[PDB]
Amino acid sequence: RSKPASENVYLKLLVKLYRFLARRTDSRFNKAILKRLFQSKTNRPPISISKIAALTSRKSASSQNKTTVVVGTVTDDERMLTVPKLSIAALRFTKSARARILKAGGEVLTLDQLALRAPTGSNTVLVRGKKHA
Amino acid sequence: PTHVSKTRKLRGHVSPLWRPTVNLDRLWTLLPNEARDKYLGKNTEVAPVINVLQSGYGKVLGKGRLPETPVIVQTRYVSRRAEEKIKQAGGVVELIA
Amino acid sequence: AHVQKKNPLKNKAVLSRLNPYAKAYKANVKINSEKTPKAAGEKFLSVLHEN
Amino acid sequence: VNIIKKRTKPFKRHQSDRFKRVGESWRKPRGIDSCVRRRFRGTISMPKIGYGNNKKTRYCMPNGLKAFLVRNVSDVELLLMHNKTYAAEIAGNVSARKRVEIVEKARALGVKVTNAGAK
Amino acid sequence: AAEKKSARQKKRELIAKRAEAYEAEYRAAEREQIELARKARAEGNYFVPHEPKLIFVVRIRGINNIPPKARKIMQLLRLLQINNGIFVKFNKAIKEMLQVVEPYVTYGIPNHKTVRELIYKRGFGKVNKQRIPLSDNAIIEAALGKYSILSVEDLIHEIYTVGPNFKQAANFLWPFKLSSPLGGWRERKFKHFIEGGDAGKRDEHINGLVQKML
RNA sequence: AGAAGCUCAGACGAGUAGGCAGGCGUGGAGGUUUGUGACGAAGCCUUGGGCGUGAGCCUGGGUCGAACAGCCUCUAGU
RNA sequence: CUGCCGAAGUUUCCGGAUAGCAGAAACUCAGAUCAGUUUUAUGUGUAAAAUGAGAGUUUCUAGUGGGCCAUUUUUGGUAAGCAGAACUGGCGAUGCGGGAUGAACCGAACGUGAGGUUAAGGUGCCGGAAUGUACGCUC
RNA sequence: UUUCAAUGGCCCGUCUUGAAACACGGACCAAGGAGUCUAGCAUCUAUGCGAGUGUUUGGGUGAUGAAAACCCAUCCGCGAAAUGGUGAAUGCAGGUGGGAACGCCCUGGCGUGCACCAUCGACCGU
RNA sequence: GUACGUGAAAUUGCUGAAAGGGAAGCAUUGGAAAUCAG
Numbered sequence: 015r016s017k018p019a020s021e022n023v024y025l026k027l028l029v030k031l032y033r034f035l036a037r038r039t040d041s042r043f044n045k046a047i048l049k050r051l052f053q054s055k056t057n058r059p060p061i062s063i064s065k066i067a068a069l070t071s072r073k074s075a076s077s078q079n080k081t082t083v084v085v086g087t088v089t090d091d092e093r094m095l096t097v098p099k100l101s102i103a104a105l106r107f108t109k110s111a112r113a114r115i116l117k118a119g120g121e122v123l124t125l126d127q128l129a130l131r132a133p134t135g136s137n138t139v140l141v142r143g144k145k146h147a
Numbered sequence: 002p003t004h005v006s007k008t009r010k011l012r013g014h015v016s067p068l069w070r071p072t073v074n075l076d077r078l079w080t081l082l083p084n085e086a087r088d089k090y091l092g093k094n095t096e097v098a099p100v101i102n103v104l105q106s107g108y109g110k111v112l113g114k115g116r117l118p119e120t121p122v123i124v125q126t127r128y129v130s131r132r133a134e135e136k137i138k139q140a141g142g143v144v145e146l147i148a
Numbered sequence: 313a314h315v316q317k318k319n320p321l322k323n324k325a326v327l328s329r330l331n332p333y334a335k336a337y338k339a340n341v342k343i344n345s346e347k348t349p350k351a352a353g354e355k356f357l358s359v360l361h362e363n
Numbered sequence: 004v005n006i007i008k009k010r011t012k013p014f015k016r017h018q019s020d021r022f023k024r025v026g027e028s029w030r031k032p033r034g035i036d037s038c039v040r041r042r043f044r045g046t047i048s049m050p051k052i053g054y055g056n057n058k059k060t061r062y063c064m065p066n067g068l069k070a071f072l073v074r075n076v077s078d079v080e081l082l083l084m085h086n087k088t089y090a091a092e093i094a095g096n097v098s099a100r101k102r103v104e105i106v107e108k109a110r111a112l113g114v115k116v117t118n119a120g121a122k
Numbered sequence: 037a038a039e040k041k042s043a044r045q046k047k048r049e050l051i052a053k054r055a056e057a058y059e060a061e062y063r064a065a066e067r068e069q070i071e072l073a074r075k076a077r078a079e080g081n082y083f084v085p086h087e088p089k090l091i092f093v094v095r096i097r098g099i100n101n102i103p104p105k106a107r108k109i110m111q112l113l114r115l116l117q118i119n120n121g122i123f124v125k126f127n128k129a130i131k132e133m134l135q136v137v138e139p140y141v142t143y144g145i146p147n148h149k150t151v152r153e154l155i156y157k158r159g160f161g162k163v164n165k166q167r168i169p170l171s172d173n174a175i176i177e178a179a180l181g182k183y184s185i186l187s188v189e190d191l192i193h194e195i196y197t198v199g200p201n202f203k204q205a206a207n208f209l210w211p212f213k214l215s216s217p218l219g220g221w222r223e224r225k226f227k228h229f230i231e232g233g234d235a236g237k238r239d240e241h242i243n244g245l246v247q248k249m250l
């Protein structure tokens, strides 16, 4: 897919920004991000705030200051009660997830803000959502 | 719309007992947020009351861990493991007729 | 680059580009200038002029 | 660079010569036994993308400019920066008064007019 | 600035030395074979020249009415079109291939002039799966620098003498797209070459045919 | 640098069933063009000219006498 | 209206599900595997060098399920025809040069043009091209 | 544009068949004339929100057209729990291997390892 | 000019130009005549 069927002007702007980053760098991260932006909504499942909190402090944990990146929506998980500190960059945040992360935790980021902070994807965890649906 | 239909381009080609279930992990979510800030995590003599019947639930199931804060659960029915976890968390179950 | 293809055989300049040795080739050499030794075995002649 | 057209004759619909009800506007024959779709000898030719003309000279008149439709003096002003690329063509429903005004403004601006001597 | 000019100048002299060495090798090999034959004739002995490890194959029959068994072999020989010429490593595994596509291709032993003229005029390299003409030595150098082939003369040598990297050189050369012969074929062309036709093995007459096609 | 874009290189081109993409034209609607028009709109005619591979488009002249179109979207008794 | 991709032409089980051919989506794979191919080796089959090509799978969704002609083997043959299989071809989706004319014959497979050269077949004239060359046969 | 010369050119559609031919249709021209609307289901794509989601049965309201737009009380639909009454992290909501991506090194090594797939594992499908 | 806005095609008459020895329409390349364009 050379272009997305989405007519969102801001999604087209992200695609333009990561078209340059993919071709003018040598980051397999930026190439991955560009491909996932092209993917349809069916192939971009939402990832929960709890799974993000799990995958950061999972096994040896060692989350440190690594920023979680998902090309999709970060839906909140109301079952988990005490929210850890997290730094996630995503296409969209549900109003609950954005409010919960900000109140007790770190910061939320957009994909353009991440490209400024970590243009090469350094110290970034690229997380997908479960496609079992 | 008729214009975008592909037949515009074929022109020329010859053509029981009502009982909704709630699990333990969502019991605290049913309560509003300002009450959770007041009662959850604080050892207060008065405990919050979660009448899960008024929230459109018939039975409380046992999935999930409750926080150690005690809470009074008023319901019609409750799974045997659910109220085991409830007193393990310090709460009590009042069956509602 | 290379808008047109020029045949090295018909282009002395392109031949110089491709092969930096054509400038010194010495195609024709006179090697049959000594006593030409007629080398043919007599038995070979008999077999050749046989039957 | 000069303008050369791969073809000059128009493509006529088959048997448009024979029948007055069959217009000369091209229609692709869907007949299975159509010898003309089969490209037999003596039959007329069909429109193909191979007949497309040079990209750098497409849409260009013999003089080397592209006709641009103009209705008023405002339209001509839009052709100020392309007088060596576009030639103004006044619309057929423009009155005689606006004809002479358009021609004068284009002539002052240096923009060619394709049908100046009209109305 | 000066470093690249000096390196390229030294590379140019190195190619000249290699081409001079190759030219002497061809002259010596031809002369020594003549001396061996002359001495055999003088002694009455018979001298057998070595088998030709190189063969040049031209497809002479089109893409119509050809059995699937024969078609696959020309697919493996990259003879996908009529009047297409390629170099083949003549060995026991190729003799059987060419014997079963005898009615559809002709082949023979190409001399140095045939190989030299083919690569000069019809020489096209397969660079990034594209037909790029061998218009300068740097094209060959970047595509065959691993095998120590730096110029057209090196490529001609690797093809003519069938060196260790003959497979890589032959695969690098896009199949030569030869024209219809100047003067035409024989009266009947699809008869076997022996029987008066123009098909099958023809030994040293592949040269006389190729000069027509160039 | 209409990145939707610009540029370089190579190869390929029949094509039924089928699959896929981009375009042309028509009636009406929202927006727009400081849009055209009784000094002639629309229509029509013409061995007048131009553009497009093509569906088609623009124009000269004649006739005519009151309305009409380009672009962006909507819609269909297209 | 133009452009691109492009079959099946029939198995295998009960009108069909299946497979096959054609596409799409999503995966992994380039120190890898494939192949209407040939060699080598072991006894026609099995196994491992040549040459060519990037090679794999999973999902799901269209169309196809006929025939004709010919070769070879073979089964009987029979007044003589032929009849029965298999075999891969050619047609079928396909114009073009030649065979005076042509569904099955010889060449050749197709964007629009310029130039050059050929295939099959031809060079007395119709007809583009030697009433050429050499040797015989024939009334 | 008309006309002449040389060369070429079998009537279109439909139907049947392996294929033709047949068999119908066609005097001429203009205008009309055939996959439409709707209910359900399913795929894919886009959009909004996301453990939620859905204002338009209805009520409020709307002075400029008020059949529009705007606002939303209580229910309800689907989803959030399955199994045949009961009703789910044992184990970082479990280990091994492959793996996207990242990091540290001096091609390769080490660490981390999403999705998905084989694996031992559980809990009443999670 | 009530056989009444605009007046298409089929069809018909007249005039001009041209063609025609048992079809015709069409296509290609030019000539001739006419007429345009730059």
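Protein chains in written order, with UniProt numbering: chain V, 15 to 147; chain U, 2 to 16, 67 to 148; chain R, 313 to 363; chain F, 4 to 122; chain H, 37 to 250. No residue lacks a Cβ here, since even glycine has one placed at the ideal position from N, Cα and C.
| Check | Outcome |
| --- | --- |
| Tell me the DSSP secondary structure of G98/H in three-state form. | coil |
| Taking only the alpha-carbon atoms, compute the straight-line gap between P211/H and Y333/R and give it to the nearest angstrom. | 27 Å |
| Quick one, which of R167/H, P169/H, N201/H and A129/H has its alpha-carbon nearest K182/H's? | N201/H |
| Determine the DSSP secondary structure at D239/H, reduced to helix, strand or coil. | strand |
| Please state if the CB of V198/H and the CB of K89/H are separated by a distance shorter than 7 Å. | yes |
| What in chain R is Cβ-close to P146/H, meaning under 9 Å? | By Cβ distance, chain R contributes nothing, its closest Cβ being about 17 Å from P146/H, past 9 Å. |
| Starting from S77/F, trace the alpha helix (DSSP H) both ways and give me its first and last residue. | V76 to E80 |
| The beta strand (DSSP E) spanning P104/H covers which residue range? | Premise fails: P104/H lies in the alpha helix (DSSP H), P104 to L112, not in any beta strand (DSSP E). |
| Express the C-alpha separation of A313/R and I195/H in angstroms, rounding to a whole number. | 27 Å |
| Using 8 Å as the cut-off, can you tell me whether the segment 137-145 of chain U makes contact with the segment 111-122 of chain F, which would need three or more C-beta pairs spanning the two stretches below that distance? | no |
| Taking buried to mean at least 16 other C-beta atoms within 10 Å of its own C-beta, is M64/F buried or exposed? | exposed |
| DSSP on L209/H, reduced to helix/strand/coil? | strand |
| Residue range of the alpha helix (DSSP H) that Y89/F falls in? | Segment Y89 to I93 is the beta strand (DSSP E) holding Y89/F; no alpha helix (DSSP H) there. |
| With DSSP as the reference, label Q166/H as helix, strand or coil. | coil |
| Just checking my contact of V97/F with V106/F at CB under 8 Å: how many whole Å lie between their CB atoms? | With a Cβ gap of about 10 Å, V97/F and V106/F do not count as contacting. |
| What residues of chain R sit near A52/H, judged by a beta carbon separation below 9 Å? | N331, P332, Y333, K335 and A336 |
| Going along the chain, which unbroken runs of the beta strand (DSSP E) with 3 or more residues stay wholly within the segment 127-183 of chain H? | 141-144, 160-162 and 167-169 |
| So which residues of chain U does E92/V contact, with C-beta pairs closer than 8 Å? | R77 and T80 |
| Please tell me whether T89/V and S62/V are closer than 7 Å, where the distance is taken between their beta carbons. | yes |
| Going by DSSP, what residue range makes up the alpha helix (DSSP H) through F34/V? | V23 to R38 |
| Excluding the 5 residues flanking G115/U on each side, which residues of the same chain have their C-beta closer than 7 Å to its C-beta? | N74, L75 and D76 |
| Is there a Cβ from chain R that is less than 7 Å from the Cβ of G80/H? | yes |
| Within its chain, find whatever has a CB closer than 8 Å to the CB of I155/H; leave out the 5 residues flanking it on each side and keep chain order. | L170, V188, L191, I192, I195 and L209 |
| Chain R partners of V188/H, CB-CB under 9 Å? | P320, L330 and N331 |
| Identify the continuous alpha helix (DSSP H) that holds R102/F and give its terminal residues. | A99 to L112 |
| Who does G121/H pair with in a DSSP beta bridge? | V94/H and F212/H |
| Should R74/H be flagged as near chain R, meaning a C-beta pair shorter than 7 Å? | yes |
| For chain R, check one thing: does any of its Cβ atoms lie closer than 7 Å to the Cβ of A55/H? | yes |
| Tell me, please, which residues DSSP counts as bridged to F107/V. | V88/V |
| How about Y156/H: is its C-beta nearer than 7 Å to some C-beta of chain R? | yes |
| The beta strand (DSSP E) spanning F71/F covers which residue range? | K69 to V73 |
| Let me know the secondary structure DSSP gives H85/F once reduced to three states. | helix |
| Taking the alpha-carbon of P104/H as reference, which of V137/H, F160/H and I91/H has the nearest alpha-carbon? | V137/H |
| Identify the residues that DSSP records as bridge partners of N102/U: which are they? | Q125/U |
| Alpha carbon to alpha carbon, what distance is there between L186/H and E49/H? | 12 Å |
| Give the straight-line distance between the Cα atoms of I93/F and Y54/F, rounded to the nearest whole angstrom. | 30 Å |
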